[PDB]
Every structure is written in C-alpha cells, then in structure tokens.
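Here the structure comes first, spelled out in structure tokens, and everything after it is commentary.
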Amino acid sequence: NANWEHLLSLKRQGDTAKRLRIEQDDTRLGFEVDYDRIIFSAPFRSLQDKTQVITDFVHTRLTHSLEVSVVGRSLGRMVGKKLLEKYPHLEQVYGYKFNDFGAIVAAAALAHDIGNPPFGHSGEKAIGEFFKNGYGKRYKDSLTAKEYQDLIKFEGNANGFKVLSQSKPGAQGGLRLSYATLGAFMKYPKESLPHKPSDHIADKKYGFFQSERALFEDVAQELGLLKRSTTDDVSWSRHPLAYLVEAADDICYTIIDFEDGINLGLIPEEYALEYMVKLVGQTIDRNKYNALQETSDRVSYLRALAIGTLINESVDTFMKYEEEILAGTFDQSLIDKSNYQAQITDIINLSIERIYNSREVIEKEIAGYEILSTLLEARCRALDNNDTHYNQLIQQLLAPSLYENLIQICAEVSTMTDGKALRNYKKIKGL
Amino acid sequence: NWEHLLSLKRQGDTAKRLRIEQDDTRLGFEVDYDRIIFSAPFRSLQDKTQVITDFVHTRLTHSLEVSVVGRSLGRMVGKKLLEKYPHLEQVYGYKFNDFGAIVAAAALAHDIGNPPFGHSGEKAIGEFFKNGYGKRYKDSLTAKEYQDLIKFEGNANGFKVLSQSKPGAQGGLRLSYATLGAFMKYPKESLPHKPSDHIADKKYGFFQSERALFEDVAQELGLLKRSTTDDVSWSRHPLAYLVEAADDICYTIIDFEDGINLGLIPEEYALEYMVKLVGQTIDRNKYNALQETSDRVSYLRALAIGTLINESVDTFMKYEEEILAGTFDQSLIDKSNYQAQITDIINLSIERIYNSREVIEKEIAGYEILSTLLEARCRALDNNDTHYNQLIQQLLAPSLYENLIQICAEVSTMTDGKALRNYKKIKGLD
Ligand SMILES: [Mn+2]
Ligand SMILES: [Mn+2]
C-alpha cells in the first residue's frame with residue numbers, strides 16, 4: 001500500500017540528498033516553483049500559437065491549460081485540506097500544508113497538454129499512420145515491438161513527459177519538476193505494450209516512451225507507486241493526485257466545450273439551460289440569470305456554476321474512494337462516479353455532434369494529416385540520406401540511435417507551433 | 001405509335017395515366033419542368049462553370065438557353081405533328097404545347113449529371129479506374145460494370161441523378177416517361193462500345209444501376225429494339241432529336257458569342273462567320289448603329305438561332321417517318337444546309353476558346369482535383385475502419401459496383417467550389 005509521505009516527494013532528477021518538506025523555504029516551495037518553471041518554458045509559451053479544434057483565434061490550448069490548472073488548484077486545495085485532517089501526522093511531523101496539494105495538481109494540470117501534436121487526436125493519429133502505413137513503415141524491422149508501438153500509437157501524454165524531463169547538454173532533467181508533480185502528471189503509468197491490457201482508464205493509453213522508461217522508473221520508485229505488473233512489461237498504479245488532474249481536465253473540456261459551441265453558434269442556446277439545469281439549480285440565482293441580457297454572459301454564468309458543482313462532487317468522490325486509490329484498486333475516473341453522468345453524457349454527445357463533427361473541424365483535421373505526414377517524411381528522408389544537397393537543406397531548415405532519432409523527430413514535429421508548421425510545410429511544397 | 005411515345009407514366013405507377021383526363025394546370029410534362037427547376041442538382045449549376053470561369057457563363061444559363069430553344073422546337077414540331085396525325089389531338093387529347101414541354105424539360109436537365117471541367121473531367125474519372133487506383137476493382141466487376149467506370153459518361157450520370165431512389169424519395173424526380181425518353185440521346189448500355197458510327201452509338205446513356213429503369217421506360221414508350229442480345233439498345237425517342245438540336249444550336253452559336261465577348265475571338269470575324277446564317281434577315285443599318293460589341297454579337301446570335309430553329313423543324317418533318325422507324329442515322333444539324341459554316345464556327349471555337357492557355361490550365365488542374373477526390377473516397381471505401389477514412393467519409397459522403405458508381409455520381413455532381421475546397425483540405429493547401 002502506498003504512503004502519502006513518499007507520494008509527496010520534492011526530489012528532482014539527479015538529486016544526491018533528500019529534500020525534507022519541513023526544511024523548505026515557503027517562499028521557494030518546490031511544488032510552487034514547478035508552476036513557474038512551466039509558465040516560463042519555451043514549450044508552454046508555444047501554446048500561444050497552437051489552436052484547439054476550433055480556430056476562432058480566442059480558443060487556444062494556452063487558455064485550456066490555464067483554466068484546467070485553475071480548476072486543478074481548487075481540487076487539490078480542498079482534497080489537500082481533507083487529507084491533512086485524515087492523516088494529521090503529515091502536517092504535525094512532515095510539515096505538509098494544504099496548498100502543497102493545490103500546487104502539485106496545478107502544475108501537472110498546467111502541463112497536461114504541453115506535448116500534444118497540433119490538430120487534436122487527429123494529430124496523434126496522423127503520426128501513427130505515418131509509421132504504420134506511410135514512409136515510416138520501413139523502420140518496423142529495425143525497432144523493438146515497444147519502440148514501434150510508441151510510434152504507430154504515438155501519444156501526446158508520453159510526448160508531454162519527454163518535454164518536461166528531456167535532458168540536453170547543459171540542462172539535465174528538463175524543467176526538473178518535483179517527482180510528486182511528475183507522478184500527478186502521469187495519468188497512464190505504463191509502457192506502450194501491452195496495448196489496453198484491461199478496461200481501466202489507466203490502461204487505455206500509455207504514459208511514457210521507451211526513451212523515458214528509465215526516467216519514470218526512478219520517479220515511480222521514489223514515490224513508491226505500486227507495481228501493477230512485473231511481467232517485464234512495467235506498469236504502476238496511478239499516483240492518487242493524478243485522479244484530480246484528470247478530473248480538472250474532464251470538467252473543463254465537458255463544460256467549456258459546451259459553452260464555446262453555444263457562443264460559436266454551433267449549438268442552439270436553448271440547450272444550455274436544458275442540459276445544465278440539474279448541475280446549477282441548487283446554486284443559481286434566478287434573478288441574476290434573467291437580468292443578464294447577453295447569451296455569452298448567461299452561458300458563462302451557467303458554466304461557472306456547473307464547474308463549481310463538479311469540483312465539489314469530485315472532492316467527495318476522491319475522499320470516499322481515497323483508500324482504494326491508495327491501494328491501486330480504484331478502476332474508474334472520478335467523473336465516472338458522478339451523479340450527473342446522465343447530464344455530462346448528453347453534454348459530451350451534443351458537443352461531438354455539433355462541434356467535433358462540424359465541417360470546419362473535420363476539414364482542419366484532414367489537412368493536418370497531410371501537413372504532419374509531409375513534415376515527417378522530409379525529416380525521415382533527411383535522416384536516411386543526410387548526404388544529398390536537398391536533405392542538407394532540409395536539415396538546416398527543420399533541425400539545425402535509430403529509435404532515439406525517430407522519437408525525437410516525432411517530439412519536434414509535435415511541438416511546432418501551427419505557424420512554423422504550416423510555413424515550413426508550405427516552403428517544402430513551394431506554396 | 002406517337003400515342004405510346006407520349007407516355008405520362010411515372011415510375012411506380014400501377015395504373016395508366018390518360019392524356020384526356022389530365023388537369024391542364026397540372027399537366028405531367030409541365031410538372032416535370034418545375035420539378036427540375038426546384039431540384040437541388042439543377043440549383044447547383046449556379047456554381048458550375050461551362051469552360052471559362054468568368055462566373056457569368058455558367059452551366060445554369062446554358063441549360064436555360066437550351067431549354068428555351070427546345071420548347072420552341074417542340075412547339076413548332078408539335079403543331080405540325082398534330083396536323084399530320086390529327087387523331088392524336090381529336091381522340092387522345094394531345095396539344096402542341098405538350099411537345100414543347102417534353103423537349104423543354106429534357107433539355108433543361110441535359111447537363112445535370114456532367115462532372116466539372118467538361119470532357120477533361122469525364123476522362124479523369126475514367127482514367128482513375130482504367131489505369132489509376134481504381135484498376136484494382138476490375139476483377140470484382142462484370143465487363144459492363146467496369147466499362148461504366150473506365151468510360152464514365154455524364155449523360156448516364158444525368159439519368160441516374162434524375163431517377164435515383166433515396167430513403168423517403170423513391171424514383172428521384174419521377175419525371176414522365178416521355179420526358180425521360182426525350183432525355184436519352186444514347187439508349188444503350190456501356191457495352192458493346194461504339195458498335196457503329198450512328199450518333200446514337202457514340203456513347204451510352206445509362207449505367208448498369210439504371211438498366212432496369214430504362215428497360216421499363218423503353219417498354220412503356222414502345223422504343224424499337226436495336227439489339228436482340230443481352231446487350232440492350234433501343235432506337236431514340238423521336239423528341240430526343242429535338243433536345244440534341246437545341247443543344248447543338250446553343251453550343252455552336254453561343255460559344256462563339258462568348259468567345260467574342262471574352263476577347264478570345266477577334267470581333268472582326270463576327271460577320272464573316274455568321275453571314276450565311278443571318279444574311280437574309282440581318283438589318284445591316286441597325287447592326288451598324290449598335291454601339292457595343294456585346295449588342296452586335298447578341299443580335300447576330302438571335303438571328304442565327306432563329307435560322308437554325310426553323311431549318312431544324314423542317315429537317316425533323318422531312319425525316320419524321322424515318323425517325324419514327326429508327327432508321328434515321330444522323331443528327332438534324334448534320335443535315336443542315338449550313339453544315340459547313342457550323343463546322344467553321346465550331347473549329348474556330350476549338351482553336352480560340354477550348355485550346356486557349358486558360359482553358360487548358362483549368363483542365364489540367366481539374367484532372368488532379370478529381371483524381372485526388374476519387375482516390376480519397378475509394379481508399380476510404382476499402383478500409384473504412386481507420387480514423388482518417390472515418391473523417392474522409394464525414395467530409396464527403398455522410399455492392400462494390402453500386403458503391404463505386406455512387407462515388408463517381410457524387411464526385412461528378414460536386415460544385416466547382418466544393419470540389420476545389422475539399423481537394424484543398426485533403427492536400428493541406430489553404
Ligand atoms: Mn485537456
Ligand atoms: Mn449542352
């Protein structure tokens with residue numbers, strides 16, 4: 001069974017001595033510094049020019065990441081305060097405070113989208129398609145089964161972990177986030193294989209590439225995560241705070257996708273109160289709602305309330321199943337146990353029908369397949385014959401072990417802004 | 001019999017519809033015209049370009065002008081047929097406006113199934129299945145089903161568009177069987193290919209998927225058999241000759257008028273090419289007082305179309321018996337006394353319009369656009385499990401032969417814009 005004293009590790013990669021919570025300066029608390037390191041990092045700043053499914057210029061992945069980190073800070077503060085009541089020795093002996101849990105969830109949430117390719121899950125699938133059926137199929141017999149699985153099922157979560165921890169000359173350990181933050185980041189503590197060994201949400205995807213396996217082994221050992229398999233296919237039970245990072249993300253994309261689609265016209269405004277009345281009625285001020293004269297103001301009032309309702313419930317679900325999560329025996333997400341799962345489901349379904357299957361979004365994702373394939377092919381052909389005049393040009397333009405080279409090409413194409421990607425694609429194509 | 005050729009039957013009818021008992025304000029031949037006007041495929045001709053993409057020479061206006069010339073041919077031939085066969089009016093109740101409405105409606109629809117980029121667009125579809133990706137399906141198709149694809153015809157796709165059953169809408173527009181017979185210039189299937197040099201044998205008029213329908217049409221109309229084998233062929237409905245003459249007249253004369261207005265044809269050539277066609281009716285002093293090029297040439301065009309309409313009526317009636325017996329071998333315009341001038345006009349249009357660099361550039365771009373969409377749809381058809389091919393199905397289209405012919409039908413009826421837009425997205429370019 002896992003221990004909250006080890007799960008709240010302040011260790012950073014390469015540390016030679018232990019970091020005790022009591023001995024920290026509260027003005028420079030490890031977990032809070034993690035948040036700043038992310039805000040100021042080049043991968044986070046690049047989210048300015050990375051659009052979500054809809055490209056209205058005011059629907060960015062930076063805003064999503066920001067709002068997920070805010071909701072995440074709330075979730076972790078409230079759970080953190082209840083956990084210190086249950087296990088008083090964590091504050092009495094180890095010096096932990098409730099804002100520590102707030103900070104861990106907030107930093108992991110803030111970073112949760114940092115490694116995703118452009119164009120959504122279509123972007124991930126364009127990359128996988130490239131190595132499964134495109135030019136990149138040629139590498140299959142030179143890679144291990146799990147190196148190849150990293151590629152053909154390329155996963156933005158796992159690319160995220162690489163962005164946060166990648167060593168470079170003069171920058172060992174990447175952003176060097178606290179291990180507790182890295183533990184909460186990891187929604188899927190498993191390798192690419194075996195694929196979907198169970199129906200648990202933690203088994204649905206994978207969380208780290210082969211290139212990062214040794215790194216997460218260090219994190220998992222320090223946190224004391226529970227070994228879920230020892231069959232040479234490593235996987236662990238989720239760090240408890242990872243459920244809150246997931247819940248914050250789930251809450252935001254459920255409610256705020258709905259809001260956005262109402263504002264963009266894709267969802268008639270009538271559905272707003274219809275799908276959300278159960279989630280708001282115990283807290284809504286009817287007088288205030290009927291005075292608001294603008295649709296955007298009405299639906300954002302409803303969204304603030306729906307999000308408040310879901311945070312409060314998610315805290316309760318965590319505390320109820322707290323011992324099962326600590327044992328690694330909790331099989332669902334926090335949101336899967338919500339009493340509003342009927343309402344959440346109808347919301348998600350309407351959002352899919354009217355937004356994610358809208359003609360604009362389908363078009364952006366189809367063009368994304370072509371943009372990502374073209375960039376991957378220019379990179380891989382340059383890797384294969386670095387001697388030609390053209391491939392040396394391509395090398396100066398796009399990038400000035402075989403598996404490490406391929407995964408790095410994937411990481412770099414994935415972290416390109418939409419601006420650099422399209423401009424470089426157009427250049428390659430003569431447009 | 002002309003009585004049977006003038007069928008008011010609609011697909012699925014279980015009882016004969018008699019001309020004498022029709023409501024004049026709701027006459028089936030004229031209802032056909034209205035159904036076409038309001039149909040979504042005819043409306044889409046607004047965003048379809050004939051050859052020059054000036055946005056003021058659409059396939060819609062061409063279709064309209066062909067139907068106007070058709071109604072005029074049908075009215076005049078109609079009046080003369082009722083004088084030759086008076087029982088048709090006095091006993092069966094036909095009127096001369098009936099023949100104008102049948103010809104007008106089939107002419108209005110004649111272009112409805114044609115792909116973008118003209119004949120280049122048909123040839124790109126065919127080349128996709130002869131030598132491109134679509135080659136793989138050859139062994140899974142009958143010879144006639146594959147021939148539908150490698151020699152894709154917009155005339156046959158027009159017939160499909162007009163008659164396709166969909167859930168809640170069996171039989172397409174459900175036009176009168178006379179209207180569909182007047183539509184079918186090539187009443188044969190895709191094989192055998194060009195069995196003679198007869199104009200009715202230069203292409204084919206229906207795909208295998210519409211074979212059963214046209215069989216029912218030909219039996220009701222009483223069209224004469226041209227084959228006693230399993231390769232079905234029939235002699236053209238007489239009125240199909242008038243639909244063809246309306247189209248022949250408009251493309252020859254109005255393409256020339258367009259070329260002059262556009263600058264592709266020097267205006268100096270206007271009178272030289274038209275003088276035989278207009279020389280006895282032209283008011284030369286009024287021609288010289290006209291101050292705009294566009295007015296001078298539209299005056300010449302109206303004179304020439306008038307000349308060619310009157311002659312075509314007279315050619316039809318000189319050969320009516322031969323046409324009723326399926327022994328007429330040519331088009332009406334082939335018998336014209338102005339055949340040589342018509343040929344000079346058409347050749348000048350080929351030289352100055354159809355072989356201009358702008359038109360050539362459009363067709364080359366068309367080949368890629370259609371080839372790309374056809375490959376995207378056909379790969380999506382073969383592996384509909386992958387994410388990309390789910391997306392391809394949602395963007396373009398939300399039995400193998402029935403599937404392949406439907407993909408050609410759908411790619412063919414796309415507006416110029418949506419084709420270029422969807423092509424641009426699949427290729428990533430804006
Ligand atoms: Mn997210
Ligand atoms: Mn025509």
Side-chain angles (χ1 to χ4, degrees), chain A residues 55 117-134 136-137 152-156 205 352-358 361-363 365-378 413 416 418-419 421-431, chain B residues 40 43-44 46-47 116 128 132-136 361 364-398 407 410-411 413-417 419-430:
Chain A
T55 318
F119 314 112
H121 274 342
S122 278
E124 283 169 341
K125 270 140 208 149
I127 296 162
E129 176 64 18
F130 180 79
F131 290 97
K132 175 141 196 77
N133 297 301
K137 189 191 209 204
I152 63 175
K153 306 271 183 174
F154 185 86
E155 185 36 60
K205 296 139 113 185
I352 281 163
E353 176 199 279
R354 307 295 194 104
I355 309 174
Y356 284 109
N357 285 158
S358 86
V361 175
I362 309 282
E363 272 166 359
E365 295 186 322
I366 285 184
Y369 263 84
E370 187 60 33
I371 288 154
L372 290 183
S373 308
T374 304
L375 294 177
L376 288 164
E377 210 182 304
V413 166
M416 270 170 155
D418 299 25
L422 183 62
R423 183 225 170 107
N424 281 323
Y425 163 90
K426 283 183 180 179
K427 288 306 173 219
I428 288 171
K429 294 269 194 99
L431 323 174
Chain B
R43 296 167 152 181
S44 78
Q46 278 164 306
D47 193 20
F128 176 88
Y133 182 89
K135 190 199 332 210
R136 82 195 38 220
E361 283 174 348
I364 286 165
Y367 244 90
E368 183 69 27
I369 291 164
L370 295 185
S371 292
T372 298
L373 298 173
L374 276 164
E375 217 184 313
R377 301 272 320 242
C378 279
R379 289 182 185 274
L381 179 80
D382 287 339
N383 328 313
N384 56 286
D385 45 328
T386 75
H387 175 80
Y388 183 88
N389 284 337
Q390 281 278 102
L391 282 178
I392 283 303
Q393 180 149 338
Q394 179 124 32
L395 170 94
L396 301 171
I407 284 170
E410 279 166 8
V411 161
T413 47
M414 284 174 120
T415 64
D416 288 24
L420 178 64
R421 168 201 199 57
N422 292 135
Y423 163 80
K424 273 193 189 183
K425 304 297 195 224
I426 292 168
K427 286 270 142 111
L429 95 113
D430 315 84

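Atom set for the values below is all heavy atoms of this structure, side chains included, hydrogens, waters and symmetry mates excluded. Below, chains carry the letters A, B, ... as their sequence lines are ordered, and counting in each starts from 1.
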Fill in: Within 6.0 angstrom of A/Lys205 NZ, more than 12 heavy atoms from elsewhere
yes

Worksheet item: Is there a side-chain contact between B/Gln393 and A/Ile362 (heavy atoms, below 4.5 Å)?
Response: no

Practice prompt. Report yes if the side chains of B/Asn422 and A/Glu363 come closer than 4.5 Å at any heavy-atom pair, otherwise no.
Written response: yes

Worksheet entry | Where B/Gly428 and A/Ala367 come nearest, the two heavy atoms and their spacing | CA-CB, 3.9 Å

Measure the [atom1]-[atom2] distance between [X] and [Y] for me, rounded to the nearest 0.5 Å.
X: B/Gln394; Y: A/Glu365; atom1: CD; atom2: CD; answer: 10.0 Å
X: B/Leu395; Y: A/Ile366; atom1: CG; atom2: CD1; answer: 4.5 Å
X: A/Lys132; Y: B/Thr386; atom1: NZ; atom2: OG1; answer: 11.5 Å

Item to complete: Report the relative orientation of the aromatic rings in A/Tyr369 and B/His387; use parallel for angles under 30°, tilted for 30 to 60°, perpendicular for over 60°.
Response: parallel

